[PDB]
Amino acid sequence: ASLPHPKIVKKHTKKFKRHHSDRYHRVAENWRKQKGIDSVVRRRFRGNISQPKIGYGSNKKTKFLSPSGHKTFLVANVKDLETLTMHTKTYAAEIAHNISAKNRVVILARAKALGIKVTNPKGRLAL
Amino acid sequence: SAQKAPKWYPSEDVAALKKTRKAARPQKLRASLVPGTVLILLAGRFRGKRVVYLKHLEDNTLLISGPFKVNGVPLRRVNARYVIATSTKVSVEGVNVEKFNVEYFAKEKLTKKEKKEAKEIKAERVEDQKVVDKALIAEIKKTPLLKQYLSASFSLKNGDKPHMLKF
Amino acid sequence: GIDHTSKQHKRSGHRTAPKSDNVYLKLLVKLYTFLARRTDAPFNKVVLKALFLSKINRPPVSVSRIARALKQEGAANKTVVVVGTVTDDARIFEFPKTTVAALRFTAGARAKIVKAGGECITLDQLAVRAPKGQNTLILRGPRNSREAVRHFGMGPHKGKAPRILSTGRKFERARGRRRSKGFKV
Amino acid sequence: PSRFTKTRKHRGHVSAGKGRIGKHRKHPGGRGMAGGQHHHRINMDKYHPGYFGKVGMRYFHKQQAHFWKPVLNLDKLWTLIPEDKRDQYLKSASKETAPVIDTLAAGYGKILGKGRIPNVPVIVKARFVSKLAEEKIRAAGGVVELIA
RNA sequence: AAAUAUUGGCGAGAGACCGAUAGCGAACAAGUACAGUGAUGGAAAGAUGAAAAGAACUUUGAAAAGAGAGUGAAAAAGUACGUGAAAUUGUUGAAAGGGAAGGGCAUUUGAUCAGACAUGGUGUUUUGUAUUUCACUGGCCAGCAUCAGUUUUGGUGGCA
RNA sequence: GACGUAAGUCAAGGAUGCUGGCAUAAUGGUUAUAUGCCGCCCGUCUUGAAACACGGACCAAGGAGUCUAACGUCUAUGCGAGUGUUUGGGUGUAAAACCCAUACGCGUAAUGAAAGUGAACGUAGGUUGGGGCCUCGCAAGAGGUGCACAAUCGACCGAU
RNA sequence: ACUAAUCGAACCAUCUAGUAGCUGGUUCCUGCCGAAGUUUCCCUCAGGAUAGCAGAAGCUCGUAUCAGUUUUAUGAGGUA
RNA sequence: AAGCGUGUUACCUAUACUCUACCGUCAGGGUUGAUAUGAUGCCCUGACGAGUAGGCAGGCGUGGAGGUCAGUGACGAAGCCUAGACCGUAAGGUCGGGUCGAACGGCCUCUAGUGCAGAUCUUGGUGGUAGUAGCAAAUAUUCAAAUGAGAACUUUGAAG
Numbered sequence: 001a002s003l004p005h006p007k008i009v010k011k012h013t014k015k016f017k018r019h020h021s022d023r024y025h026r027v028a029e030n031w032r033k034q035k036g037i038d039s040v041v042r043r044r045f046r047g048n049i050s051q052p053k054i055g056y057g058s059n060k061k062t063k064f065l066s067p068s069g070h071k072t073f074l075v076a077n078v079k080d081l082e083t084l085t086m087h088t089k090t091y092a093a094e095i096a097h098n099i100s101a102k103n104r105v106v107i108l109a110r111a112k113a114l115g116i117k118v119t120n121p122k123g124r125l126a127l
Numbered sequence: 128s129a130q131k132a133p134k135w136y137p138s139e140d141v142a143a144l145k146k147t148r149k150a151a152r153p154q155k156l157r158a159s160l161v162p163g164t165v166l167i168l169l170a171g172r173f174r175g176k177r178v179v180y181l182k183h184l185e186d187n188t189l190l191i192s193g194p195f196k197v198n199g200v201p202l203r204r205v206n207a208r209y210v211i212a213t214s215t216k217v218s219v220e221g222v223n224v225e226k227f228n229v230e231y232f233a234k235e236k237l238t239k240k241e242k243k244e245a246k247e248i249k250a251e252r253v254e255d256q257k258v259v260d261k262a263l264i265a266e267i268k269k270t271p272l273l274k275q276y277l278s279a280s281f282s283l284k285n286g287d288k289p290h291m292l293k294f
Numbered sequence: 295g296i297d298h299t300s301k302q303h304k305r306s307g308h309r310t311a312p313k314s315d316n317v318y319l320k321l322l323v324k325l326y327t328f329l330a331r332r333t334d335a336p337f338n339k340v341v342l343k344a345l346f347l348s349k350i351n352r353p354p355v356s357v358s359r360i361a362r363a364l365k366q367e368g369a370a371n372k373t374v375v376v377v378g379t380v381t382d383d384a385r386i387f388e389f390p391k392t393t394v395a396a397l398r399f400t401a402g403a404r405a406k407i408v409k410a411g412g413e414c415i416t417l418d419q420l421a422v423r424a425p426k427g428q429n430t431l432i433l434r435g436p437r438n439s440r441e442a443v444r445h446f447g448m449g450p451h452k453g454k455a456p457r458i459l460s461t462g463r464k465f466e467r468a469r470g471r472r473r474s475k476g477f478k479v
Numbered sequence: 480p481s482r483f484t485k486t487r488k489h490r491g492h493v494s495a496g497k498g499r500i501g502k503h504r505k506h507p508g509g510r511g512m513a514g515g516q517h518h519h520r521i522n523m524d525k526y527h528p529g530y531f532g533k534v535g536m537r538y539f540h541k542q543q544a545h546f547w548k549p550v551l552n553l554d555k556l557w558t559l560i561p562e563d564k565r566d567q568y569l570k571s572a573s574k575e576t577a578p579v580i581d582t583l584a585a586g587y588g589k590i591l592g593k594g595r596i597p598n599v600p601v602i603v604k605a606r607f608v609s610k611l612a613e614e615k616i617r618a619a620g621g622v623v624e625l626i627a
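Protein chains in written order, with the numbering used here: chain A, 1 to 127; chain B, 128 to 294; chain C, 295 to 479; chain D, 480 to 627.
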C-alpha cells in the first residue's frame, strides 16, 4: 500500500485564524501577524490565540503526507499520471479540478490499471 | 502539467529493521501467587468469582478453575494482573494440569471468509474439567466452609477499604 | 534562559560558496571541496577558500607579480597558482619560463606566458597533477590598492582621500585644509 | 526590479522601515547641502574638509585644450610600438637603426620617468620630457628630440 | 533648403499600458445633464440572448401584476435582463441565551467528514492447458510480559 | 562491553513478544454547544493605553517608499591597462537583431594658488609578524622562502 | 461694516501635487540578529548632523597581542 | 486563629531546571579508484530559540512578458458560495459539492500601477437608531349624491 511512516502528529491542528477575524467581517480569516504596539496577541498574553511559530513545524519524515501516508500529486492527463508508475508507494494522484468529466474516466482507467491511488476518484461522476 | 514533478522522489524500498536487543525472559510471578491459592477474579464474565489457581501457563496467563461444580467457572486462563491472591490455599498436587497448554486453548484459525457477519462446547473441554475438579473437590471437602467460600462471589461492602484490606 | 556570553546563532561571517551562478566556478568549488576534505594538504583549503572570494577580493595578479615571485630562491621551478585573473604587464619585458595556474587569463597574459614557454593551466589542470599542491606557490594581488579603499576610514588627520567626484582646485582645498583659511583638517 | 525591493518585504509592517518615533517626514534636516555651516557643520568638517572658502586665483575662460598634456611614463614607452614589431626591436639593439616612438601620434604630450626601460636605443619624439626621463633615455642609449 | 522642435490638426501603424471607481472629464445623445449672476465648475451611466425568438393564449386581479402554458440551450438570461460578492434583509432548519457577546487550552454532547487491508495477497490439479475458490499482514484502539531512558514512592541489608 | 574454555548469547550505539476487540464514524478531524480556568478593543502617539486620549457604524472596490539624473558601499558578470557598439554609419525578417570607424568619458600620475615640476642608490629597500610552499624530520618541530595584509624606519615625486 | 449665505482683504482659474522640523495613515508570511532616548555642535530644546548602541557584507587568520573577573606586587585618591 | 513571633517537616505549582521527541537556526564534520539519480543533496554531532524601532534571509500571493508542459476547457475556463475534505508553522495551495458560461492554469525566468482594517481615507452601497422623531402656525369643517375597483381629500348640492 504505502511505505511505513511514523504516526502522524500534526503538533497543531486548529487553523490559525487572524485575530478579530470573527469580530469584523472585513478582517478575513487568513492569518496576519498583529504588528501593533499594544496588541495582546503579539505580546503572547495568557489566554490569547497562539501564533504560528516554527516550533509547530511538522516532522520532516511526514511533511506533505496525507493521513493515508501519501504525498498527493496533482495530475492533469494520462501522461502526467504515468510518471507515478514507479512511485505508487508514496504518491497518490489527485485529478485536477478543471479536468473534464469525460477525461476523468480515462484518467482513472490508467490509475486503476497502474495501481496508483487517486485522492478524488468520486469527483465529476456520471450518475 | 498540473504539478511539475518531485525531482528527489522518496526511495520506494522498505527499510529492514535493526536487530533489536529485546529477548523474551521468563516472567517472574508475584510471591503471593502459588499454585493452589484462591484468586478473586476482577475482570471478565466471572468478575468477583473465587477461583483456584492451578498452574502458571507459559503465555504469562494463569490456568485457573474454581471448580465448575462450585462456582461455575470453567478451566480458563486469566491474567495475573486481573486477579487478587489470597492467604487461603488448597493442595492441588494430585490434579493433572500439565496437559493444559496454550495450544490447548487456541480458539480457532480466523480467515477473511469465515466471518460472523450475523452470528457449542467440546467434549474434551468437559471431560478434562471433570478429571481436574475430581481431585480439587475431593481435596476441598476436608476443610470447613471452603466450598461455600468459592461459590460465594466477592464484593466490596461499603465502608471497607482495600488499601487497608488484606486477602 | 542562559548567560549568553556571545551572540547566539552568529553566522561564521565567511563565504561557504560562491555568490555566483557560474557553473564552472561551482565545478571547481565542487572539485576542491572534495580535495580539501580528502587530503592532508593545507593548500587545498586555501584554494577552496580563495575560490569563494568576491571580485574585489580576487584582484588581478599581473605577470609582473608572478615574475617577482619567481625570483625567490628555491621558487624558480615552483608552479605559480593565482586564484583569480592574471593580467599581462608591459612594465616587464622578459618573462621567466614557468607554469601558472589561474581561474581567468587575460588574452595579453596568455600570449606573454606562452611565448616564454609557459603553460597557462587552469585550476583543474592544477589539481590533476598536484592534488596536495606539490611545490605550488599561491599569489594574491594587492587588495588594499583598490581605489575604493583610499576613502575608507576618512576623518580628521586620518590621511585619507575624501569622496569627491570633481577633483581640482576650489573643490575641497579651502577652510579646513589650509591654515590660512580656518584650520587644518 | 521592484519584486526584490525591501518595500515589498515591508508590506504589513506599519511604518515601512522608517520608524514609529522618527516619523519619516519630508525634509527634517533641510534640503540639499543646507545648513552646512550651521547644523551640518560636523558632517562637513569630518568628511568634506575644505568645502567652504576661496583658495587660489581665478582663470577666466580656461580652455582644457591648453592643459592637455597626457603623460607617458618610461615603462609604457614600449607600448606605443606595435606588438608585432616589438620583439624585433628588443632583440638586436641597433644603434644604427633605432625605433622611433611618436608619442604625440599615440596621444601623449609628456614623457615621465617611472623607470627601467631596457638597454636599447629609441628615438622619442615628444613635446616635453622630465629631467629624469631624459637621463634614462640617454642611459639606455636613445635620444629624445623635441617636437610640437 | 536640410539636419532640429512638435501633448494642436489630418492620416497611419504600434504597445511587456488601462480595462468601465482604471484609462482622457468623457468606451454611452460628454464638455452632456446639472450648479453658479458670472468667470467657471461638471458628473453618472458599458454587456439579455446566436437570434427578440421581448412571453401568443388560459385564469385571478380594477390594473399593475400573479399563476399556468410558450420562446429559448438556459427565463438560476424577462429589457428592474452576462456572472451576481459582502454589508443588510426575509424564510426555513440547527443551536444557545439570569446585566453583553465574541476568543484560548481541554474535554463532553450533537451534527458532519477522510483513511485503511480487508492487497496481484507465504499461491495451486483451466468444464476438448490465467477467476489460485483456506492465506500471509496492519488499519484503529487496548491488555499483559520482558526491556531501555527519565523519574517517583517505599521495604529491607551491610558498613563508616 | 558482560557472561561465556570457546561456539554463542546478552538488559551491551534507542521496543520487542504475545493477546484481544473493532474495522467504522469506533479512534481521530472540523464545527456548534456545555462546562472548568483564563481572556479588557483594535490601530496610533507615548515613559506609560482597556482608558474618561484620538480614528474606527458596517461592507465591496480603489488606496500610500515609485521613476529618473548623478553618485557611495557591497554583490554578480564581461573584459582587463584598459574599458565603454547602440551620438552616428552599414544592415535588417525592421523601434528587435547583427556589424563598425574616429573620437570622447573614466582609468593608467601626482602635487601646487599658480607658473610649473613630475615618482628605482638598493634583487622596488630594511625590520617585526604572516597563510602557503620546500627541505630535514617516525612525529611533534626546526630551518629557507615568504603573497596579501598590519605596524614602523626609510627611499623616490610635488609643494614649503 | 458691506461688497451675491464667502470679507482684518471676495469669488474663479492657474503657478500648485505650493511648503510643513507638525498630525494622521503607510497593505503578505515565517526565520535569524536586535537597539536608543546619551556625547559634541547648531536661532538649537517637537529637528538635524556627529560619535555611541544594531544589522548585513564580509575579510585575515585558528586558540591567540584576550577578559565589565580574581590574586600577588606596586601606585593614586581625600569621600565615609 | 484561618492573627502575631518562631521553628520542624510534608505538600502545591511557572513558559524556570533535568530528560525525551519534533521544528528551525547556527556551528563543527562525514559523504565520488564501476558507488551514488552525479552534493545549495543526503547524513552525523552539538549548542541554541524572548523581542518593539530596525536589519537581513527564505518563501506565499496579484496584473502582465519570454519559454515550456504537442498543459486544462462548452462532456463546462474564469469567477463566486461552501460550520465539506487534504497539505503547509504561515502567507497560501489543492480537491469535492452548488451556481456559471468562455477562457485559464503548472513550472523556469522577466516585469510592475503587486497584497489593506484603519488615514474625521475616496467612491458606491447598506444598517442600528426606527416604523422612530416628525407630518401640531395661517379659527373649520359636516351631510348626501355622482363618478369610480376603491372617496377624509375629486365633482355637484346643501349647511357651516
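Each residue gets a CB set at the ideal place from its N, CA and C atoms; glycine is no exception.
- In the same chain as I350 of chain C, and ignoring 5 residues on each side of it, the C-beta atoms closer than 7 Å to its own belong to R440, in chain order.
- Taking a 10 Å sphere around the C-beta of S573 of chain D, we find fewer than 16 other C-beta atoms and assign the residue as exposed.
- Here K274 of chain B has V197, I264, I267 and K268 as same chain residues with Cβ atoms under 8 Å from its own Cβ, once five neighbours each way along the sequence are excluded.
- A check of alpha carbon separations from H492 of chain D across A:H5, A:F73, A:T119 and A:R42 identifies A:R42 as the nearest.
- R437 of chain C is positioned such that its CB atom lies closer than 7 Å to that of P353 of chain C.
- For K33 of chain A, the residues of chain D that pass the 8 Å Cβ criterion are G491, in the order they occur in the chain.
- Here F232 of chain B is near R204 of chain B, since their CB atoms are less than 7 Å apart.
- For the alpha helix (DSSP H) assignment, the uninterrupted runs of no fewer than 4 residues enclosed by the stretch 369-411 of chain C are, from N- to C-terminal side, 401-409.
- With respect to the C-alpha of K593 of chain D, the residue from D:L556, D:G511, D:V579 and D:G508 having the closest C-alpha is D:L556.
- Pairing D382 of chain C with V357 of chain C gives a Cβ-Cβ distance under 7 Å.
- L168 of chain B places its beta carbon less than 7 Å from that of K176 of chain B.
- Under DSSP, the beta-bridge partners assigned to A605 of chain D are D:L625.
- Contacts between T90 of chain A and chain B, judged by CB atoms closer than 8 Å, involve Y136, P137 and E139 in chain order.
- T582 of chain D is classed as buried because its beta carbon has at least 16 other beta carbons within 10 Å across all chains shown.
- Shown here for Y56 of chain A: same chain residues with a beta carbon closer than 8 Å to its own, the five before and five after excluded, namely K11 and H12 in chain order.
- When the beta-carbon positions are compared, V210 of chain B and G163 of chain B stay at least 7 Å from each other.
- Here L325 of chain C has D418 and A421 as same chain residues with Cβ atoms under 7 Å from its own Cβ, once five neighbours each way along the sequence are excluded.
- Within the stretch 53-73 of chain A, the residues whose Cβ lies closer than 7 Å to any Cβ of chain B are, in chain order, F73.
- DSSP places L433 of chain C in the uninterrupted beta strand (DSSP E) bounded by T430 to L433.
- The closest CA to that of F465 of chain C, considering only D:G529, D:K497 and D:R595, is found on D:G529.
- Sequence-distant partners of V394 of chain C (beyond 5 residues in either direction) whose C-beta falls short of 7 Å from its own C-beta, in its chain, are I360, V374, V376, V380, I407, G412 and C414.
- In the structure shown, the three-state DSSP call for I264 of chain B is helix.
- In the three-state DSSP reduction, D186 of chain B falls in the coil class, being neither helix nor strand.
- Looking from the CA of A113 of chain A, the closest CA among A:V78, A:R18, A:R32 and A:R46 belongs to A:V78.
- Within the same chain, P201, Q256 and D260 come within 7 Å of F195 of chain B by CB-CB distance, once the 5 residues on both sides are set aside.
- Using a 10 angstroms sphere on the CB of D22 of chain A, the tally of other CB atoms stays under 16, which defines it as exposed.
- For the C-beta of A132 of chain B, the chain A residues within less than 8 Å are, from N- to C-terminus, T83.
- Annotation for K79 of chain A: no beta strand (DSSP E) segment contains it, though the alpha helix (DSSP H) segment containing it runs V78 to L81.
- Runs of the alpha helix (DSSP H) lying entirely within the stretch 78-126 of chain A and spanning at least 4 residues, in chain order: 78-81 and 101-114.
- Using a Cβ-Cβ cut-off of 7 Å, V340 of chain C does not count as an interface residue toward chain D, since no Cβ of chain D sits closer than that to its own.
- Chain B places a beta carbon closer than 7 Å to that of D80 of chain A, counting this residue as a contact.
- Think of a sphere of 9 Å around the beta carbon of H19 of chain A: no beta carbon from chain B falls inside it, the nearest being about 33 Å out.
- Between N371 of chain C and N429 of chain C a beta carbon distance of about 7 Å is seen, short of the 8 Å cut, so the two are scored as contacting.
- By the rule that beta-carbons nearer than 7 Å mark a contact, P480 of chain D does not touch chain C.
- Here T62 of chain A really is in contact with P6 of chain A; their C-beta atoms are around 6 Å apart, less than 8 Å.
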